[PDB]
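Please read the structure below before turning to the comments.
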Amino acid sequence: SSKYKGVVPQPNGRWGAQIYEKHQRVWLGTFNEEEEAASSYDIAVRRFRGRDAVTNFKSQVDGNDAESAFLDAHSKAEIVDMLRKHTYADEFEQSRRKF
């Protein structure tokens, strides 16, 4: 139903995100809003596929390479965990704090 890559319906009107790598599903979490799920796919596909990634949306927080650096600072598994825990955004923002 969703037009967004990676986005699947979940119960209670919620939305899941998933990515496949070589026919292996990786679950990316459950989200209240459709575009939130789509944005979670985008984070995963950027980290998983790099320059080969095709995203739902253009990135809005990578003008200074900060988000690319953040993705490149982590393993795939760490990114997946941040997405599922809904901590990715807060951890990314902390990484932008100036000292």
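How things are named: the first chain in the structure tokens is A, the next is B, and so on; residues count from 1 in each chain; ligands count from 1 in the order shown.
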| said: Excluding segment 80-89 of chain A and its own-chain neighbours fewer than 3 positions away, which residues fall within 8 Å of it when counting only C-alpha atoms? Please give them as a list in words. | reply: residues 27, 28, 29, 30, 40, 44, 76, 77, 92 and 93 of chain A
| request: Please identify which residues in chain A DSSP calls strand (DSSP E or B) from the backbone, and express them as a ChimeraX atom specification. | output: /A:7-9,15-21,24-31
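The space between atom CA of residue 74 of chain A and atom CA of residue 48 of chain A spans 10.9 Å.
Considering only C-alpha atoms, the residue among A:3, A:47, A:41, A:96 positioned nearest to residue 61 of chain A is A:96.
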So that I can check the surroundings of residue 15 of chain A, please list as a PDB file with N, CA, C and O atoms, in the first residue's frame every protein, DNA and RNA residue that reaches within 7 Å of it, counting only C-alpha atoms and ignoring chain neighbours fewer than 2 positions away.
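After the write, out-v8.pdb holds the following:
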ATOM      1  N   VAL A   7       8.632   0.135   3.324  1.00  0.00           N
ATOM      2  CA  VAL A   7       7.592   0.453   4.289  1.00  0.00           C
ATOM      3  C   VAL A   7       6.460  -0.556   4.171  1.00  0.00           C
ATOM      4  O   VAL A   7       5.917  -0.763   3.085  1.00  0.00           O
ATOM      5  N   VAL A   8       6.078  -1.157   5.287  1.00  0.00           N
ATOM      6  CA  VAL A   8       5.034  -2.172   5.311  1.00  0.00           C
ATOM      7  C   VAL A   8       4.019  -1.840   6.383  1.00  0.00           C
ATOM      8  O   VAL A   8       4.355  -1.273   7.419  1.00  0.00           O
ATOM      9  N   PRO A   9       2.760  -2.208   6.193  1.00  0.00           N
ATOM     10  CA  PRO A   9       1.778  -1.994   7.256  1.00  0.00           C
ATOM     11  C   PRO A   9       2.083  -2.844   8.475  1.00  0.00           C
ATOM     12  O   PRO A   9       2.569  -3.968   8.364  1.00  0.00           O
ATOM     13  N   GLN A  10       1.756  -2.306   9.641  1.00  0.00           N
ATOM     14  CA  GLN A  10       1.808  -3.028  10.903  1.00  0.00           C
ATOM     15  C   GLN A  10       0.523  -2.774  11.676  1.00  0.00           C
ATOM     16  O   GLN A  10      -0.275  -1.907  11.315  1.00  0.00           O
ATOM     17  N   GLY A  13      -2.633   0.507  12.786  1.00  0.00           N
ATOM     18  CA  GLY A  13      -2.373   1.604  11.891  1.00  0.00           C
ATOM     19  C   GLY A  13      -0.935   2.050  11.804  1.00  0.00           C
ATOM     20  O   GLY A  13      -0.667   3.084  11.186  1.00  0.00           O
ATOM     21  N   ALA A  17       9.462  -0.804   8.898  1.00  0.00           N
ATOM     22  CA  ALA A  17      10.489  -0.617   7.889  1.00  0.00           C
ATOM     23  C   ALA A  17      11.341  -1.875   7.808  1.00  0.00           C
ATOM     24  O   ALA A  17      11.658  -2.487   8.823  1.00  0.00           O
ATOM     25  N   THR A  30       9.339  -0.398  14.061  1.00  0.00           N
ATOM     26  CA  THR A  30       7.932  -0.045  13.938  1.00  0.00           C
ATOM     27  C   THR A  30       7.759   1.421  14.294  1.00  0.00           C
ATOM     28  O   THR A  30       8.358   1.913  15.253  1.00  0.00           O
ATOM     29  N   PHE A  31       6.972   2.129  13.487  1.00  0.00           N
ATOM     30  CA  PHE A  31       6.882   3.587  13.532  1.00  0.00           C
ATOM     31  C   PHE A  31       5.428   4.010  13.476  1.00  0.00           C
ATOM     32  O   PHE A  31       4.600   3.354  12.845  1.00  0.00           O
ATOM     33  N   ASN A  32       5.137   5.152  14.088  1.00  0.00           N
ATOM     34  CA  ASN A  32       3.773   5.651  14.094  1.00  0.00           C
ATOM     35  C   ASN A  32       3.357   6.171  12.733  1.00  0.00           C
ATOM     36  O   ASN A  32       2.197   6.009  12.342  1.00  0.00           O
ATOM     37  N   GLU A  33       4.272   6.805  11.994  1.00  0.00           N
ATOM     38  CA  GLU A  33       3.902   7.505  10.779  1.00  0.00           C
ATOM     39  C   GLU A  33       4.609   6.920   9.558  1.00  0.00           C
ATOM     40  O   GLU A  33       5.726   6.391   9.631  1.00  0.00           O
ATOM     41  N   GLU A  34       3.921   7.014   8.429  1.00  0.00           N
ATOM     42  CA  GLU A  34       4.406   6.401   7.201  1.00  0.00           C
ATOM     43  C   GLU A  34       5.769   6.944   6.784  1.00  0.00           C
ATOM     44  O   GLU A  34       6.691   6.189   6.434  1.00  0.00           O
ATOM     45  N   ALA A  37       8.708   5.648   8.910  1.00  0.00           N
ATOM     46  CA  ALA A  37       9.196   4.370   8.426  1.00  0.00           C
ATOM     47  C   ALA A  37      10.033   4.543   7.169  1.00  0.00           C
ATOM     48  O   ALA A  37      11.098   3.925   7.034  1.00  0.00           O
TER      49      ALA A  37
END
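Between atom CA of residue 5 of chain A and atom CA of residue 95 of chain A lies a distance of 27.5 Å.
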| said: I'd like the neighbourhood of residue 66 of chain A as a ChimeraX atom specification, where a residue qualifies if any of its atoms comes within 12 Å (using only C-alpha atoms), though same-chain residues fewer than 2 positions away should be ignored. | reply: /A:59-64,68-73,92-97
Can I get the selected residues back with N, CA, C and O atoms, as a CSV table (one decimal), in the first residue's frame?
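out.csv was written with the following content:
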chain,number,residue,atom,x,y,z
A,59,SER,N,18.4,13.6,1.8
A,59,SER,CA,18.8,13.8,3.2
A,59,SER,C,18.7,15.3,3.5
A,59,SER,O,19.1,16.1,2.6
A,60,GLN,N,18.3,15.8,4.7
A,60,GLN,CA,18.1,17.2,5.1
A,60,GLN,C,19.1,17.6,6.2
A,60,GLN,O,19.1,18.8,6.5
A,61,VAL,N,20.0,16.7,6.6
A,61,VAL,CA,20.9,17.0,7.7
A,61,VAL,C,22.3,16.6,7.3
A,61,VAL,O,23.2,16.4,8.2
A,62,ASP,N,22.7,16.5,6.0
A,62,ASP,CA,24.0,16.1,5.5
A,62,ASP,C,24.7,17.2,4.8
A,62,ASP,O,25.6,16.9,4.0
A,63,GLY,N,24.3,18.5,4.9
A,63,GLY,CA,24.9,19.6,4.2
A,63,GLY,C,26.4,19.7,4.6
A,63,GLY,O,27.2,20.2,3.7
A,64,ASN,N,26.8,19.4,5.8
A,64,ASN,CA,28.2,19.4,6.3
A,64,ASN,C,28.8,18.0,6.5
A,64,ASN,O,29.8,17.9,7.2
A,68,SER,N,26.6,11.6,6.9
A,68,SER,CA,27.4,10.6,6.3
A,68,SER,C,28.5,10.2,7.3
A,68,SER,O,28.8,9.0,7.4
A,69,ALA,N,29.1,11.1,8.0
A,69,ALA,CA,30.1,10.7,9.0
A,69,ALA,C,29.6,9.8,10.1
A,69,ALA,O,30.2,8.9,10.5
A,70,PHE,N,28.4,10.2,10.5
A,70,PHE,CA,27.7,9.4,11.6
A,70,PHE,C,27.4,8.0,11.1
A,70,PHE,O,27.7,7.1,11.9
A,71,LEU,N,26.9,7.9,9.9
A,71,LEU,CA,26.6,6.5,9.4
A,71,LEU,C,27.9,5.7,9.3
A,71,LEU,O,28.0,4.5,9.6
A,72,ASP,N,29.0,6.4,8.8
A,72,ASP,CA,30.2,5.7,8.6
A,72,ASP,C,31.0,5.4,9.9
A,72,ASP,O,31.9,4.6,9.9
A,73,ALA,N,30.5,6.0,11.0
A,73,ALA,CA,31.1,5.7,12.3
A,73,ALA,C,30.6,4.4,12.9
A,73,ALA,O,31.2,4.0,13.9
A,92,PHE,N,22.4,11.0,16.8
A,92,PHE,CA,22.9,11.8,15.7
A,92,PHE,C,23.0,13.3,16.2
A,92,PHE,O,24.1,13.9,16.0
A,93,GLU,N,22.0,13.8,16.8
A,93,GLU,CA,22.0,15.2,17.3
A,93,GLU,C,23.2,15.4,18.3
A,93,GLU,O,23.9,16.4,18.3
A,94,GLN,N,23.3,14.4,19.2
A,94,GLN,CA,24.4,14.5,20.2
A,94,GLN,C,25.8,14.5,19.5
A,94,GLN,O,26.7,15.3,19.9
A,95,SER,N,25.9,13.8,18.4
A,95,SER,CA,27.2,13.8,17.6
A,95,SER,C,27.4,15.1,17.0
A,95,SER,O,28.6,15.4,16.6
A,96,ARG,N,26.4,16.0,16.9
A,96,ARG,CA,26.6,17.3,16.3
A,96,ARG,C,26.9,18.4,17.4
A,96,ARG,O,27.2,19.5,17.0
A,97,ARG,N,26.9,18.0,18.7
A,97,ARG,CA,27.2,19.0,19.7
A,97,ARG,C,28.6,19.4,19.6
A,97,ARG,O,29.5,18.6,19.4
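What separates atom CA of residue 57 of chain A from atom CA of residue 75 of chain A is a distance of 22.4 Å.
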| request: Could you give me the residues within chain A that DSSP places in alpha helix (DSSP H), as a PyMOL selection string? | output: chain A and resi 34-49+66-72+76-85+88-95
